[PDB]
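Contents: one structure, followed by commentary.
Cβ atoms come from the backbone with ideal geometry, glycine included; neighbour counts cover every protein chain shown. Values quoted throughout were computed directly from the atomic coordinates according to the rules given, and no laboratory measurement underlies them.
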Amino acid sequence: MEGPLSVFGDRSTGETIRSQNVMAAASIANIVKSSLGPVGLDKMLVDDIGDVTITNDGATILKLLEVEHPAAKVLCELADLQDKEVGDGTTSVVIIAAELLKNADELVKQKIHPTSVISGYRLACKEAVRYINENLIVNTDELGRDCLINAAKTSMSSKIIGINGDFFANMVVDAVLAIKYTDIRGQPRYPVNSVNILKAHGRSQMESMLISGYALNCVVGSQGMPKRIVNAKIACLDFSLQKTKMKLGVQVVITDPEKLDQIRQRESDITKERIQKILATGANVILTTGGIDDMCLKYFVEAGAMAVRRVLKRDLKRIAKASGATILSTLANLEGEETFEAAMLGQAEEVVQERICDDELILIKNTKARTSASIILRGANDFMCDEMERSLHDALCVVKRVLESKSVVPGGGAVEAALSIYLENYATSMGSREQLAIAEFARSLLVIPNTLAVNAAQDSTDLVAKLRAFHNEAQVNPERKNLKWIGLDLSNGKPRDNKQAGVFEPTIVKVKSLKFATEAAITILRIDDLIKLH
Amino acid sequence: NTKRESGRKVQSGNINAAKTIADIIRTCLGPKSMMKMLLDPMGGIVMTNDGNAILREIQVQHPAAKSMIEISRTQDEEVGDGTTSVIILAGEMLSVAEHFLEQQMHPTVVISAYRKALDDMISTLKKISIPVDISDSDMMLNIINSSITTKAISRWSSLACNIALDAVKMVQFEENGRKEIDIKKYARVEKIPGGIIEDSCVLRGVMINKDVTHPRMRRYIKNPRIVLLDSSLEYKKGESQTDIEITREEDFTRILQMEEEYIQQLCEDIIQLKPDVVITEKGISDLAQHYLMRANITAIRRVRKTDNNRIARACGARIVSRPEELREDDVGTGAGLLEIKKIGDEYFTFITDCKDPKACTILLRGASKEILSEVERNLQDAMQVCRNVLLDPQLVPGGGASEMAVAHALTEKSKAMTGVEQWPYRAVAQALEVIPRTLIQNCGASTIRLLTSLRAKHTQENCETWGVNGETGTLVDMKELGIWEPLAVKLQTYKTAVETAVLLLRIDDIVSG
Amino acid sequence: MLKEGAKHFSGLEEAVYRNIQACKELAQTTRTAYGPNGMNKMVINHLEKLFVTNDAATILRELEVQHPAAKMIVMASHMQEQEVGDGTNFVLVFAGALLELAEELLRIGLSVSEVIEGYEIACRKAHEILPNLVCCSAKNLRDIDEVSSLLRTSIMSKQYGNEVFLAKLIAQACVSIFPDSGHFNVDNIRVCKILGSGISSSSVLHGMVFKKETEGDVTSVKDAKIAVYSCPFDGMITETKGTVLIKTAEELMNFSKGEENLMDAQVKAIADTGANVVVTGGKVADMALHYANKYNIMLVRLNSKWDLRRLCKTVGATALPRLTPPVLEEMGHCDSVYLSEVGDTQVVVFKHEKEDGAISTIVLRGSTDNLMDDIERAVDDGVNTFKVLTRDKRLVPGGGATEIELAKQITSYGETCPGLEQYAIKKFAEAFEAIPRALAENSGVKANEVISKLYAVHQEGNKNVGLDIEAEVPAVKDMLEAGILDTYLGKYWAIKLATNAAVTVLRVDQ
């Protein structure tokens, strides 16, 4: 350690403590450099002495770390602000600011007024956001050469399961439209996590299947109870019918087990009577949740008890709200004493039970009061289905966000390339001291495509070669130009001139990342009166 | 905390940790095993042929030695054998390939070369994988004896051959239209006290040792129907509520004997309604078992709810509360045998079940208390074969010659797939041949010249079909030596070694918070 | 060592490591010394004088070592340089990385004799396929372009930036005039630096070029007999004597009168004996001068040690200072004696032309001698590159494209044989690889980007690297089909002599 240790609070009073925190901040930033992007390296990090974890998510890393420097501290604070926004873009704000807090003390020292370098940072931030709104050169996912299909296919090509993603392109286009759950502004996009996605292992690997209406994963191979009757009305049952232990009415003090025996013969009868009054009301397909014993299952299958048991609750809450059903309008008992009412039923045009991949699933075709869709996949094995699940969700999230912001930008350091340049071109127009506020800011953008290239083993020098070769001086216009380009694909770390890929992040995740990365260098400046305490 | 370690020093520190582990275990491998001797820090000698017992007792270093145990416990959980084999592969690739590729500085193309190496492995593996008959025990006896003969103990290997080859064929999935590999809960090994190997009967089914221990309880019923609550058992298990005296020692004794008396009153319905097996997943006292002798009914205690479903579907037990008031009974037979044998005062109930979802635990007998465990060790290597022959009737020959055959198949595709990929892709091919070179190093010859004669053997006449002996160091037919390599081990250990070598390559920073 | 005896400088560590480590460090400066160079090597000497150069033969003679393995190989690099021209940069860098690969076989446990015989089988098989990699020949040595096509690689092996103007200019200064049928001057090609008229104004002057200023009038005939003398003429100054400053000035006048009539008769006796030109390695006397103008005899004011010895060789004269009236024992040979203004300097030009006895001398004009004495080093190996002693030089791919052409063959040949010599044949193909890996690191990219392509192109002969962008990113540069050539003979010895040195230095442990 440099600086005096006789004084308290680790105070070194000047250029040494300004040289201290540039070391303390860069070492934090150097961690994210290894883990930057999809090609970023996984770090094994011990928690106490024996507990470890393997991460390349920078916000998860900073949750593990315990700060001992303010340069360690404020980088953890500003990155968690973007983390509660999305969780994405948290990697970029950490690496850039380490160079920024080297550059800020040199120039805020040099005041005519000290915030001019900071306002030069904010003017550089606002110069970005204007041209951020001017970006349609790279990253359109609201359309393509064909549709959102062209966006999704390159997004499903960015998430590798082989060469596939062609049939998988149509799933991502449907997912914002199959869901109708109310977002802000009533947008035609809708959240992609409400989609009922089902697996079906062992068929053509390329194959994927779309189902009009929601698709319920119901069990086959254990139950043989009546479920194949075609209806248009479903009933959703948060219910359980056991034979073993369902009713208690005698204490353990009475010396007569005969009193405990005679009430048992009444609880076994009401489970069979319960499904009769439900089917007498008008239902012909009912959907029962689990919660019964392992001894009570085997009696319902071979003898006959009409239900569809142990259905997934994650689908059943979606379908009952999709079909017009209620699961809570008659729950005052969990036994077979009440009858069934007509307001609990769901509505569809038909309910057909199609057996496919040797699996009889209950397909709710065209749910009523909101018409939806679901997707069941076709892999060749279990793990091959397990790979394409993670291949979907990132393409589900990135396309949903580009539909929100009409102007959308490239991802990674691709958009930062013109921001490294044409802000410095903008900086010279401002003239005086505030020029290097913008220029050192735009200089610090360059390391983000560079360190991701080293993680992709592309090593940063063809990356600064191509991106400067694109940017036209006579045509500083991006529009869709064949005279300058700004795009770059990150999964190879080499610029593939693309605008349909899933590696180009929208406006919204980037403009806030420019805020907190700017703010973090401002955050270290906010001291008055550096002192010690006894 | 605040901690950052610069790159090359950690990845090289991963090499120094893993390779030194890979040193003695490579020489502890196979019938040319050495012994890894741990001196105790409090004094005392421990040497085995298993470094996992050695490493987990001693101070494990941080950088790469922690991950090798983690890949070993997965390797030990599935098949058991091959934990010695996984750790020597990844560290050898970590040593040989990485250090000059560190100088050319690319992590990524090395990781992609692992993906190229794993796929080239499978293609040449299936072509030499030889089908043996799963319908013939002697075709399976030849390979199950090869896994036991890694030791010098071969007297009761044939006793391990008899029991395991038919039990794991009965151990299947819950999907029940499917074979391959058994699951550890559904195939267990426990020792049965006393006994002789001339009485070690081949058990395929599940044994229940929480059953009869006294001859008044259930005697030779082909369908031992396990009986849960609600007509022959009731819910009252409490107290007749005598007064609470805080200043007496005899108060706390009376409240417990009054608790047992209502358990006596529960089993009064067991006399009148006549089960044959009653169950209690909370466990009953031994004094509750004496009144079940008056009922002539066995008890089942200290068990769980999931143990009773998997046996009753297997042994054909009907889930009833009365046998005179039935409850839509289960299957009537799934059992091939009902046999109860006694050792001392301990009856051990066996029931042999046929193609069933049972939680199997087999019968094994030795001659003595220590040699009961020697039979138990032999059935452990037996079940790795029986799952593999259930998994893959095809399997390769080899004594490490297959490891050369994978290594030469990469080298041909190294020269065929020309480009930037080949230099990590050929370097990891060099790492494979060192291991059988070390096995014939203990055999003792010019093992480097034999390593040339390994490679000249491969592409010319036989890859590893005519292979190499790993107890003589001579190029022999591995089909005619009778020593075979398990194909699942050829699958699994190669899949685990490439994943660990990726993760140790990606790391260059460790923290402690 | 356990005892008082056994004085030795090698052993178990030192022979395995430190002998190769010493050969590593000498080859460490020659990583970029052949082919395209960005590398430069400043040296202060045993003379302690600042020079930068890229010829290792200038560097390695400045280098000293006590390692005999490191000491021996630079003699074999001279043996290639005595035989052919450039490629003496290659002999050290090829054998240096060759021996580093031999350490790795000694890491495994291979016997040294297995490593010894391993490269020997590889040395023979490569020399078999090497004349099958002959792609051209110098079909017309009288052509300027075919001569300049060979020379661009060797000048590039000193500097890439001057490869094209000099290769023309050397052919313009006519190494082309030799039929090479046993015809090659080794000292009548001797490069003559003329200071001034900067380096692109370097010129051509056939026959013997003397920088020294021509004093007096021109020779009476161009067919003159050439008298080459060590110091015939003197110049007088003295100081205080045993008794200080002698007793009179009369004998100073008396010694001065006979001194003029002495040098009067010296120019007279040369004029009588038939020689019409005198060469003075000493200074010019004034009294000798004004009789030499009337006698119409050309005079050189001063000459160095190298000026007389070329004249005693080419003309055939005898160099001795004449304190006597000189007679002709010198036998003038050149039939054409000219005066030329080269670099605006009075330059003595001697000239004769024969079939296998011609003279054609390189002259250079540059504004800095310390630049131009390194430019002539690009010329020095380039002229000796013409000495293949054949017209058709069996031209192979230049630049180093033959190395990857060879390395495909050798590791294929190394795979087919059995043995523990089997591995060193495969390591021998790796020894071709190390030089373009070291050159591409001066080009500006990594080696694995480059060396992947040159193996993947095919048996082509053309594909290589220069120092351009085509060298960097695609790693494809036409170092065969763009005026870049090498000969068979320079490639044949440099592989041979690097092999015999490295096999020799590997056996020793003392």
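Test C:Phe233 against the criterion of being among the aromatic types (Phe, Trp, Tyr) and under 30 Å from C:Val347 (Cβ atoms), and give yes or no. Talk me through it step by step, then tell me what you get.
On the way: among the aromatic types (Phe, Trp, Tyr): yes; under 30 Å from C:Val347 (Cβ atoms): yes.
Against the criterion (among the aromatic types (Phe, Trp, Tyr) and under 30 Å from C:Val347 (Cβ atoms)), C:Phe233 qualifies.
Could you go through the range B:71-85 and let me know if any residue there is within 14 Å of chain A (Cβ to nearest Cβ), of a type outside the set (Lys, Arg), surrounded by 14 or more Cβ atoms within 10 Å (Cβ to Cβ) and closer than 19 Å to B:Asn16 by Cβ. Let's see the steps before the verdict.
Initially, the range B:71-85 is screened for residues within 14 Å of chain A (Cβ to nearest Cβ), giving B:71, B:73.
If we keep only those that are of a type outside the set (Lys, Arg) as well, we get B:71.
Then drop every residue that is not surrounded by 14 or more Cβ atoms within 10 Å (Cβ to Cβ), which leaves B:71.
Narrowing further to those that are closer than 19 Å to B:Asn16 by Cβ: B:71.
So far as the range B:71-85 goes, yes, one or more of its residues are within 14 Å of chain A (Cβ to nearest Cβ), of a type outside the set (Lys, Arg), surrounded by 14 or more Cβ atoms within 10 Å (Cβ to Cβ) and closer than 19 Å to B:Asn16 by Cβ.
For (1) free of Cβ contacts under 8 Å to residues at least 40 places away in the same chain; (2) surrounded by 16 or more Cβ atoms within 10 Å (Cβ to Cβ), each residue gets a yes or a no:
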residue: B:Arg304; (1), (2): yes, no
residue: B:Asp307; (1), (2): no, yes
residue: B:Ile311; (1), (2): no, yes
residue: B:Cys315; (1), (2): no, yes
residue: B:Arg322; (1), (2): no, yes
residue: B:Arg327; (1), (2): yes, yes
residue: B:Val331; (1), (2): yes, yes
residue: B:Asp345; (1), (2): no, no
residue: B:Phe348; (1), (2): no, yes
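Sort through B:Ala501, B:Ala445 and tell me the only one that's in contact (Cβ under 8 Å) with a residue 60 or more places away in the chain and out of contact with any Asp or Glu (no Cβ under 7 Å at 6 or more places or on another chain).
Values: B:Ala445 fails: in contact (Cβ under 8 Å) with a residue 60 or more places away in the chain.
After ruling out the rest, the residue left standing is B:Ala501.
Among all residue pairs at least 6 apart or on different chains, which show Cβ distances below 6 Å where the first residue, located in the range C:230-250, is under 30 Å from C:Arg309 (Cα atoms) and the second is of a type in the set (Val, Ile, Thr) and in a loop (DSSP other than H, G, I, E, B)?
C:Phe233/C:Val284
Taking the range A:252-309 on its own, how many of its residues are among the basic types (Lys, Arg) and within 14 Å of another protein chain (Cβ to nearest Cβ)?
First pass over the range A:252-309, keeping only residues among the basic types (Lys, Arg): A:259, A:264, A:266, A:272, A:274, A:277, A:298, A:309.
Now narrow it down to the ones that are within 14 Å of another protein chain (Cβ to nearest Cβ): A:259, A:264, A:266, A:272, A:298.
Matching residues across the range A:252-309 total 5.
Residues in the range C:275-287: is at least one over 13 Å from C:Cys231 (Cβ atoms), touching a helix residue (DSSP H, G or I) at 6+ places or on another chain (Cβ under 7 Å) and either without any contact (Cβ under 8 Å) to a residue 24 or more places away in the chain or not aliphatic (A, V, I, L, M) (or both)? Spell out how you get there, then give the answer.
To start, the set of residues in the range C:275-287 that are over 13 Å from C:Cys231 (Cβ atoms) comprises C:275-277, C:286-287.
If we keep only those that are touching a helix residue (DSSP H, G or I) at 6+ places or on another chain (Cβ under 7 Å) too, we end up with C:287.
The next check asks that each one be either without any contact (Cβ under 8 Å) to a residue 24 or more places away in the chain or not aliphatic (A, V, I, L, M) (or both); those that pass are none.
The answer is no, given that none of the residues of the range C:275-287 is over 13 Å from C:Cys231 (Cβ atoms), touching a helix residue (DSSP H, G or I) at 6+ places or on another chain (Cβ under 7 Å) and either without any contact (Cβ under 8 Å) to a residue 24 or more places away in the chain or not aliphatic (A, V, I, L, M) (or both).
Looking at B:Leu89 and the list (1) in contact with a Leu (Cβ under 7 Å, 6 or more places away or on another chain); (2) over 30 Å from C:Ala438 (Cβ atoms), which single condition is not satisfied?
Of the numbered conditions (1) in contact with a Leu (Cβ under 7 Å, 6 or more places away or on another chain); (2) over 30 Å from C:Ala438 (Cβ atoms), the odd one out for B:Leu89 is (1).
Residues are listed down the side, and each one gets a yes or a no for (1) within 30 Å of A:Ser208 (Cβ to Cβ); (2) within 14 Å of chain B (Cβ to nearest Cβ):
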site	(1), (2)
A:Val402	yes, no
A:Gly411	yes, no
A:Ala418	no, no
A:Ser432	no, no
A:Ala453	no, yes
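Please list, ordered by residue number, the helices (runs of 4 or more DSSP H) wholly in the range A:38-126 having 3 or more residues that are farther than 20 Å from A:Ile448 by Cα.
On the way: elements: A:58-64, A:70-85, A:92-108.
Counting at least 3 such residues, we get A:70-85, A:92-108.
Given the criteria among the acidic types (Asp, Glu), under 20 Å from B:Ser232 (Cβ atoms), surrounded by 13 or more Cβ atoms within 10 Å (Cβ to Cβ) and over 43 Å from the mean Cα position of the chain (by Cα), does A:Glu258 qualify?
Values: among the acidic types (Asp, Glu): yes; under 20 Å from B:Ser232 (Cβ atoms): yes; surrounded by 13 or more Cβ atoms within 10 Å (Cβ to Cβ): no; over 43 Å from the mean Cα position of the chain (by Cα): yes.
Spelling it out, it is not the case that A:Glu258 is among the acidic types (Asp, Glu), under 20 Å from B:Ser232 (Cβ atoms), surrounded by 13 or more Cβ atoms within 10 Å (Cβ to Cβ) and over 43 Å from the mean Cα position of the chain (by Cα).
Just checking, how many residues over the range A:37-53 are within 8 Å of chain B (Cβ to nearest Cβ) and either farther than 20 Å from B:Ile71 by Cα or within 19 Å of the chain's Cα centre (by Cα) (or both)?
Residues flagged as within 8 Å of chain B (Cβ to nearest Cβ) and either farther than 20 Å from B:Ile71 by Cα or within 19 Å of the chain's Cα centre (by Cα) (or both) within the range A:37-53 amount to 2.
Based on what the data block shows, is B:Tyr220 away from chain A (no Cβ under 14 Å) and over 24 Å from B:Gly80 (Cβ atoms)? Steps first, please.
Values: away from chain A (no Cβ under 14 Å): yes; over 24 Å from B:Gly80 (Cβ atoms): yes.
Yes, satisfied.
Which of the following residues is buried (at least 20 other Cβ atoms within 10 Å of the Cβ), within 14 Å of chain A (Cβ to nearest Cβ) and in contact with a helix residue (DSSP H, G or I) (Cβ under 7 Å, 6 or more places away or on another chain): B:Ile440, B:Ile483, B:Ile507? Write out each step before concluding.
Details: B:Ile440 fails: within 14 Å of chain A (Cβ to nearest Cβ); B:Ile483 fails: within 14 Å of chain A (Cβ to nearest Cβ).
Just one listed residue meets the conditions, B:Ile507.
Only one of (1) surrounded by 16 or more Cβ atoms within 10 Å (Cβ to Cβ); (2) hydrophobic (A, V, I, L, M, F, W, C); (3) over 21 Å from B:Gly334 (Cβ atoms); (4) within 14 Å of chain A (Cβ to nearest Cβ) fails for B:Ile197. Which number is that?
B:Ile197 satisfies every listed condition except (4).
Which members of the range A:291-314 meet the condition of being of a type outside the set (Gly, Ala, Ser) and in a loop (DSSP other than H, G, I, E, B)? Don't jump to the end; show me each part of the working.
Residues of the range A:291-314 that are of a type outside the set (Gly, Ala, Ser), as a first pass: A:292-302, A:306, A:308-314.
Those that are of a type outside the set (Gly, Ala, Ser) and in a loop (DSSP other than H, G, I, E, B): A:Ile292, A:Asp293, A:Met306, A:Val308, A:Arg309, A:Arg310, A:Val311, A:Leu312.
Those residues that are under 28 Å from B:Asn462 (Cβ atoms), among the β-branched types (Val, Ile, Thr) and part of a helix (DSSP H, G or I), I need them from the range B:108-137; list them, please.
Result: B:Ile122, B:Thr124, B:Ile128.
Looking at (1) within 14 Å of chain A (Cβ to nearest Cβ); (2) assigned to a loop (DSSP other than H, G, I, E, B); (3) among the hydroxyl-bearing types (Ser, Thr, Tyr), which one does B:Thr500 not meet, given that it meets all the others?
Only one criterion is unmet by B:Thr500, namely (2).
Name the one entry in B:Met258, B:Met207 that is outside any loop (DSSP other than H, G, I, E, B) and either at positive phi or within 13 Å of another protein chain (Cβ to nearest Cβ) (or both). Show your work before the answer.
On the way: B:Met207 fails: either at positive phi or within 13 Å of another protein chain (Cβ to nearest Cβ) (or both).
Checking each option against the conditions leaves just B:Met258.
Among all residue pairs at least 6 apart or on different chains, which show Cβ distances below 6 Å where the first residue, located in the range B:20-37, is over 18 Å from B:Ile148 (Cβ atoms) and the second is in a loop (DSSP other than H, G, I, E, B)?
So the pair list comes out as B:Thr27/B:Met34; B:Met34/B:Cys28; B:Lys36/B:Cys28.
Just to be sure I understand the filter: pairs with C-beta atoms under 7 Å, separated by 6 or more residues or on different chains, first member in the range B:175-192 and free of Cβ contacts under 8 Å to residues at least 24 places away in the same chain, second member part of a loop (DSSP other than H, G, I, E, B). Which pairs pass?
Cβ pairs passing all conditions: B:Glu175/A:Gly221; B:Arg178/B:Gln172.
Mind listing whichever residues of the range A:40-71 are among the hydrophobic types (A, V, I, L, M, F, W, C) and either surrounded by fewer than 17 Cβ atoms within 10 Å (Cβ to Cβ) or farther than 18 Å from A:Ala98 by Cβ (or both)?
First pass over the range A:40-71, keeping only residues among the hydrophobic types (A, V, I, L, M, F, W, C): A:41, A:44-46, A:49, A:52, A:54, A:59, A:61-62, A:64-65, A:67, A:71.
A:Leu41, A:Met44, A:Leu45, A:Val46, A:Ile49, A:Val52, A:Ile54, A:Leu64, listed by residue number.
To keep it simple, each residue is scored yes or no on (1) surrounded by fewer than 20 Cβ atoms within 10 Å (Cβ to Cβ); (2) outside any loop (DSSP other than H, G, I, E, B); (3) touching a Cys at 6+ places or on another chain (Cβ under 9 Å).
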{"position": "B:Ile153", "(1), (2), (3)": "yes, no, no"}
{"position": "B:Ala160", "(1), (2), (3)": "no, yes, no"}
{"position": "B:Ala164", "(1), (2), (3)": "no, yes, yes"}
{"position": "B:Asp182", "(1), (2), (3)": "no, no, yes"}
{"position": "B:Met217", "(1), (2), (3)": "no, no, no"}
{"position": "B:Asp230", "(1), (2), (3)": "no, no, no"}
{"position": "B:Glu239", "(1), (2), (3)": "yes, no, no"}
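Every residue in the range B:412-428 that is touching a residue at least 40 places away in the same chain (Cβ under 8 Å), surrounded by fewer than 24 Cβ atoms within 10 Å (Cβ to Cβ) and within 13 Å of chain C (Cβ to nearest Cβ), please. Explain how you work it out, then say what you get.
Going residue by residue through the range B:412-428, those that are touching a residue at least 40 places away in the same chain (Cβ under 8 Å) are B:412-413, B:417, B:420-421, B:423-425, B:427-428.
If we keep only those that are surrounded by fewer than 24 Cβ atoms within 10 Å (Cβ to Cβ) too, we end up with B:412-413, B:417, B:420-421, B:423, B:427.
Listed by number, the residues that qualify are B:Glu412, B:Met417, B:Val420, B:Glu421, B:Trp423, B:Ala427.
Is it the case that B:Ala456 is within 14 Å of another protein chain (Cβ to nearest Cβ) and either in a strand (DSSP E or B) or in contact with a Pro (Cβ under 6 Å, 6 or more places away or on another chain) (or both)? It would help to see each step written out before you state the result.
Details: within 14 Å of another protein chain (Cβ to nearest Cβ): yes; either in a strand (DSSP E or B) or in contact with a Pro (Cβ under 6 Å, 6 or more places away or on another chain) (or both): yes.
Yes: the conditions hold for B:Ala456.
Examine the range C:328-339 for a residue that is over 21 Å from C:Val221 (Cβ atoms) and crowded, with 18+ Cβ neighbours inside 10 Å, and state whether such a residue exists.
Of all residues in the range C:328-339, those over 21 Å from C:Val221 (Cβ atoms) come to none.
No, there is no match, as no residue in the range C:328-339 is over 21 Å from C:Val221 (Cβ atoms) and crowded, with 18+ Cβ neighbours inside 10 Å.
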